[PDB]
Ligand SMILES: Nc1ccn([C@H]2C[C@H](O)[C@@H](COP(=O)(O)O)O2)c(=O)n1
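We begin with a single chain expressed as structure tokens, specifically the form solved without the ligand.
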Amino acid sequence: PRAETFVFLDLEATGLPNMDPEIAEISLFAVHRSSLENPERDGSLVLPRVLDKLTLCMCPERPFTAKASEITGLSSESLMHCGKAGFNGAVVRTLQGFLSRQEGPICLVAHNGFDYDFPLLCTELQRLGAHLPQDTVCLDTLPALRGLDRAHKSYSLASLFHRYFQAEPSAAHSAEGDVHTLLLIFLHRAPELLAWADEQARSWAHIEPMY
């Protein structure tokens, strides 16, 4: 069946250079298909009114690089300072609760998801023996937008956003901010991407962990 809810997400992680990646922040925006089929506009795009959201910070065991600390604006010490544990059972219960609130099937959407977000999410969940609904699929907007453009450049969020909306995203550089920016980009090309999703979305069960 077609996915009924699209769950846009972004992860911020550290420790990748050690091949010991550990999520520091995750943000998810859940949007029903109908909202994407029929975008709202004020003349510019605005986000759907009916939108579920979950943003959770986690103190990673491994440190950010100074480049990824200036951008994201996190430090491992500061997440600790605000009293956050790591990616644990409580994160899993919250996430699974959140996903159960969505009409299935779910399509996870992440920019550069196949190379970063999805295998990273997969590693953390498998570490905790946690599974998503077996009908869950996922969509990486990076190859989608490349693929679509070829059917007729930089493919970063920053660049894509500037090329579709004339201006720079005032969205803070965070997981939540990045998902905001991604959802707008998706909305701007929604009929194409919905079509891409129907034909190209990958089963979540196919996704392999880092490990």
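For every residue, the number given is its place in the sequence shown, counted from 1. By rigid core we mean the largest C-alpha set that fits within 1.5 Å across both forms.
As for the form deposited with the ligand bound, it is not shown, yet the points below apply to it.
Can you work out which of 153, 67, 152, 41 has a heavy atom no more than 4.5 Å from the ligand in the deposited bound form? Contact check passes for 67.
Exactly one of 162, 53, 62, 173 has a non-hydrogen atom within 4.5 Å of the ligand in the deposited bound form; which residue is it? Only one option qualifies, and that one is 173.
Mind telling me which stretch in 28-36, 53-61, 173-181, 138-146 gets its heavy atoms within 4.5 Å of the ligand in the deposited bound form? Contact criterion met by 173-181 only.
Taking heavy atoms only, is residue 98 within 4.5 angstroms of the ligand in the deposited bound form? The answer is no: residue 98 has no heavy atom within 4.5 Å of the ligand.
Considering only heavy atoms, tell me if residue 193 and the ligand come within 4.5 Å of each other in the deposited bound form. Result no; residue 193 lies far from the ligand in the deposited bound form.
Taking the ligand as it sits in the deposited bound form, is residue 90 near enough to touch it, meaning that at least one heavy atom pair lies within 4.5 angstroms? Close contact is absent here: in the deposited bound form, residue 90 is far from the ligand, nothing within 4.5 Å, heavy atoms only.
If you check in the deposited bound form, is residue 102 within 4.5 Å of the ligand, heavy atoms only? Heavy-atom contact with the ligand at 4.5 Å: absent for residue 102.
At a 4.5 angstroms cut-off on non-hydrogen atoms, which residues of 10-34 are near the ligand in the deposited bound form? List them in order. 10, 11, 12, 13, 15, 16 sit within 4.5 Å of the partner.
Of 53, 146, 173, 163, which one's CA moves 2 Å or more between the shown form and the other one, core aligned? Residue with a C-alpha shift of 2 Å or more: 173.
For residue 200, decide whether the Cα shift between the shown form and the other one is 2 Å or greater, given a superposition on the rigid core. The answer is no, as the C-alpha of residue 200 shifts between the shown form and the other one by less than 2 Å after core alignment.
Do the C-alpha atoms of residue 17 and residue 143 sit closer or farther apart in the deposited bound form than they do here, given a shift of 3 Å or more? Relative to the displayed form, residue 17 and residue 143 draw closer in the deposited bound form - a change of at least 3 Å between their C-alphas.
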